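Naming: A, B, ... by sequence-line order, numbering from 1 per chain.
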Protein chains: 2
Amino acid sequence: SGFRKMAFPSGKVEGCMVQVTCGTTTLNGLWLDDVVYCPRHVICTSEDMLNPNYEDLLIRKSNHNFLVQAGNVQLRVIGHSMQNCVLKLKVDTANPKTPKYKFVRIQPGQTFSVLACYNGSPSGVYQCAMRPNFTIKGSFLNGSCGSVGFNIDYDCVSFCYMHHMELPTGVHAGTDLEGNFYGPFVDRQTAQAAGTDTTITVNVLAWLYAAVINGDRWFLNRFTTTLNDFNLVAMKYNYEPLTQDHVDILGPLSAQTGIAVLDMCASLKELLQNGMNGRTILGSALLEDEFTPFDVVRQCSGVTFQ
Amino acid sequence: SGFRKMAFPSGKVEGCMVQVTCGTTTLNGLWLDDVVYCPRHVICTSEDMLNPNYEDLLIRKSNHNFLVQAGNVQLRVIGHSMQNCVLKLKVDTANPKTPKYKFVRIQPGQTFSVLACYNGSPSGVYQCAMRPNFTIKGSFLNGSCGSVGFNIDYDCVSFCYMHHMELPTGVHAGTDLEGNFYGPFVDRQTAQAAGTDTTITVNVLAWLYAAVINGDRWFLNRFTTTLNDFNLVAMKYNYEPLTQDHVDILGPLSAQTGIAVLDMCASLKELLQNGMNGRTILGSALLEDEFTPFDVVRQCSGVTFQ
Ligand SMILES: *[C@H](O)[C@H](C[C@@H]1CCNC1=O)NC(=O)[C@H](CC1CC1)NC(=O)[C@@H](NC(=O)OCc1ccccc1)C1CC1
Ligand SMILES: *[C@H](O)[C@H](C[C@@H]1CCNC1=O)NC(=O)[C@H](CC1CC1)NC(=O)[C@@H](NC(=O)OCc1ccccc1)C1CC1
């Protein structure tokens, strides 16, 4: 019993983190096989931030401009290319700690662990989610760029996120490992806005099931509802529409608890309508939307990895 | 910026987790040098669980009764002994991935990362605190016993917690690595209760400082108070007393924000007397007490470890 915001164990990712320095810019890189991936804005200067032609700046550069510390063993760069917003540094040493891995591009609503790093060294690990407006609510300081987000499926690390930038609401934006931003953002210090976020309804329902599995039942009711009538209330409260696809992912959790999905929808509806009136659910006084249905099953069945 | 419950990177601990089986009991062990530490109730049967004399049971045992598996590698047990509520299994192979480590016993209100494990394999990592009633609010299922809690000290793992039991309430209880329970609990399935908990006042205050450092100031005020009159209010709302030592640990955060500790205390008092009135702080609608002052500084200055 118990339910926590739980990250994947970070060991397999820690053994890939390196430091990349070019000019007076230091950030993090990801070293897989003989390749080091990092944000291309490592090749900028502090005045270049306003409107760089990264294509300008890369041909400017020679392999020897790139300093690639793995620990205090310095890695010789022997080639470089740019893929969208990531820079790929070919080095003369394959990473012996390379895990088995994939590059995946995730969908809004999905979650992943972030291993926050500075100067190639890990600082901490936390979950978060790709928000519907394609930002993430992370914890990043100067120097964190190149930190990555990932999921583990038994032995395989699926990398989904590399950090690039903080927007002026304190939320963060970045790319997949092929260098394409999530959302409309660009690696440029000109005014950009996140866009209004919304709540991940299917995740909120999964968390309500986590609650029931762990003994919070004070929010349930006999009420039932239809997908469409529930969806009328979702609009009103800035909640993502629920699809039949979503209902179907929630089946397993529905069956384990014996609570129909639309009955849980009726519970959520009364929760938005009436608020919580002092009570908490799983230690929270807000409805939590950063656990997927898989995160809930993962944790409430103790799935492991190696 | 941003603020999350961030765990320590778990790599150094993952390389010490092993599986310990004896009879029909499998749980986790911690393998450091040539010693495997695990809960002594691995030697019990599903009927010993009631009121065992572990001395009874351990004399009954032979080295070959313990199956200790490090991945798929059979570790041979060559010696055993019991220290309070932990078993120490002497094995013929020293763990080549043993880190710099210490065994520490923490105080209530201190935090640590937990690496939850099943069958010797990591399942996830999360942060929590030693509650004032010496329980932890964890996430643990059957088979998780022997999972450990730890802090990192640049390069040194300080182990503080090993998991043993879940109380009714769904909170958890365990030992330090020398086998002494936190709190008055015992490793037998006789009726036991946690004891009323209280809020870690010093931790709520540094979390309010984390909020200010990150741009939530809606709760701040003109007012100040005396440590004596604040503590009159902390009593009324089931908060731990604030000591002058606590005021002193909050100095650094106080100086960075320029808000006196006693000004922040006046702010918390109005929060307690009025509530939050629909507003959130750092994404929470409750006052959060599982960040220490050190947790806030490391995160809001990006301390790294190796
Ligand atoms: C990389 O280490 C770093 C991480 C940032 C720094 C602080 N928190 C983080 O997550 N990223 C950057 O410094 C990038 C570099 C730019 C991408 C090439 N910049 C930013 O994160 C800046 N944000 C920004 O310019 O947003 C656009 C904007 C929005 C409003 C008004 C003007 C511009 C943050 C320093 C501001
Ligand atoms: C070890 O893997 C396991 C972990 C537990 C099981 C589920 N959640 C967990 O964290 N620990 C146990 O099974 C231990 C074994 C006891 C230490 C020798 N027991 C418990 O966790 C049980 N709790 C318990 O006996 O508490 C005392 C009590 C309280 C009320 C009434 C009677 C007894 C939980 C299985 C019940």
Side-chain angles (χ1 to χ4, degrees), chain A residues 9 11-12 154-155 302-306, chain B residues 10-46 48-49 52 54-103 114-125 140-150 157 159-165 174-181 187:
Chain A
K12 298 202 195 328
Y154 213 71
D155 66 348
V303 166
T304 64
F305 322 93
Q306 195 79 324
Chain B
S10 69
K12 281 151 172 83
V13 177
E14 298 172 49
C16 313
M17 299 315 296
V18 306
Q19 186 169 191
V20 174
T21 298
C22 193
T24 54
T25 300
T26 294
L27 54 79
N28 308 263
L30 189 78
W31 173 15
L32 308 169
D33 301 315
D34 68 347
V35 174
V36 164
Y37 307 78
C38 69
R40 77 179 168 169
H41 73 78
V42 67
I43 63 172
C44 283
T45 66
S46 192
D48 290 329
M49 295 300 289
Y54 287 96
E55 290 282 331
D56 275 24
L57 313 180
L58 187 56
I59 297 298
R60 293 319 189 208
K61 291 264 145 162
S62 290
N63 283 331
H64 73 275
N65 305 115
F66 303 91
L67 291 65
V68 172
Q69 295 181 357
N72 56 13
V73 167
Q74 177 65 256
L75 285 180
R76 167 173 320 280
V77 175
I78 61 179
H80 56 275
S81 66
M82 173 174 78
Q83 175 182 27
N84 305 299
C85 297
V86 296
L87 263 180
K88 302 190 287 184
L89 306 164
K90 185 62 65 186
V91 298
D92 64 19
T93 310
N95 177 18
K97 295 152 145 173
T98 308
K100 177 88 152 72
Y101 73 88
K102 330 190 280 203
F103 288 167
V114 166
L115 171 72
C117 289
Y118 302 84
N119 313 292
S121 305
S123 161
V125 61
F140 291 120
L141 304 164
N142 300 332
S144 66
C145 286
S147 310
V148 301
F150 62 95
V157 183
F159 295 102
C160 56
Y161 183 73
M162 173 168 296
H163 191 48
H164 293 239
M165 55 198 316
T175 68
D176 59 36
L177 266 294
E178 304 206 77
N180 288 314
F181 273 86
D187 56 341

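Contact of the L177(B) side chain with the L30(B) side chain is registered, since non-hydrogen atoms from C-beta on lie closer than 4.5 Å. Here the side chains of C44(B) and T25(B) are not in contact, with every heavy-atom distance at 4.5 Å or above. Side chains of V86(B) and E178(B) form no contact here, defined as non-hydrogen atoms less than 4.5 Å apart. Using a 4.5 Å cut-off on side-chain heavy atoms (C-beta onward), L27(B) and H41(B) make contact. A heavy-atom distance below 4.5 Å is found between the side chains of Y101(B) and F159(B). When side chains are defined from C-beta on, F305(A) does not count as touching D155(A), because their heavy atoms never get closer than 4.5 Å.
Each of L67(B), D34(B), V68(B) was compared with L75(B) under the side chain to side chain contact (heavy atoms under 4.5 Å, CB included) criterion, and only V68(B) meets it.
Nearest heavy-atom pair across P9(A) and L115(B) is CB-CD1, 4.2 Å. Smallest separation of non-hydrogen atoms from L87(B) and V42(B): CD1-CG1, 3.6 Å. The heavy-atom pair separating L141(B) from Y118(B) by the smallest distance is N-OH, 3.0 Å. The shortest heavy-atom contact between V157(B) and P99(B) is CG2-CG, 4.0 Å. Scanning both residues, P122(B) and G120(B), for their nearest heavy atoms gives CD-O, 4.0 Å. Minimum heavy-atom separation, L89(B) to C38(B): CD1-SG, 4.3 Å.
Judged by the 6.0 Å distance and 45° axis criteria, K61(B) is positioned over the aromatic ring of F66(B).
To the nearest 0.5 Å, atoms NE2 (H163(B)) and OG (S147(B)) are separated by 7.0 Å. Note that the CE atom of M165(B) and the SG atom of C85(B) stand 9.5 Å from one another [nearest 0.5 Å]. Between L57(B) atom CG and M82(B) atom CE the span is 8.5 Å, to the nearest 0.5 Å. For the atom pair CZ of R60(B) and CD of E55(B), the computed distance is 11.5 Å after rounding to the nearest 0.5 Å.
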Atom pairs and distances, side-chain donor-acceptor, residues 10-18 of chain B, under 3.5 Å, sequence neighbours left out:
| residue | atom | partner | partner atom | Å |
| --- | --- | --- | --- | --- |
| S10(B) | OG | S10(A) | N | 3.1 |
| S10(B) | OG | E14(B) | OE2 | 2.6 |
| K12(B) | NZ | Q306(B) | OE1 | 2.4 |
| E14(B) | OE2 | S10(A) | N | 3.2 |
| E14(B) | OE2 | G11(A) | N | 2.7 |

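Checked against a 6.0 Å centroid threshold, the rings of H164(B) and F181(B) count as neighbours. Between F103(B) and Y37(B), a ring centre-to-centre spacing shorter than 6.0 Å is recorded.
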message: Run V125(B) and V114(B) through side chain to side chain contact (heavy atoms under 4.5 Å, CB included) and show every step you take.
response: CA-CA 6 Å; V125(B) 61; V114(B) 166; over 6 Å; no

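Distance alone, capped at 3.5 Å, is enough to place a donor-acceptor pair between the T98(B) side chain and the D33(B) backbone. With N28(B) contributing its side chain and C145(B) its backbone, the two residues share a donor-acceptor pair below 3.5 Å. Between the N95(B) side chain and the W31(B) main chain, a donor and an acceptor come within less than 3.5 Å of each other. Counting only distance, with no hydrogens or angles, the side chain of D176(B) and the backbone of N180(B) share a donor-acceptor pair below 3.5 Å.
Every pair passing side-chain hydrogen bond (donor to acceptor under 3.5 Å, both in side chains) that includes a residue from residues 65-80 of chain B is listed here, sequence neighbours excluded: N63(B)-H80(B).
With 3.5 Å as the limit, one finds no donor-acceptor pair spanning the side chains of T304(A) and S123(B).
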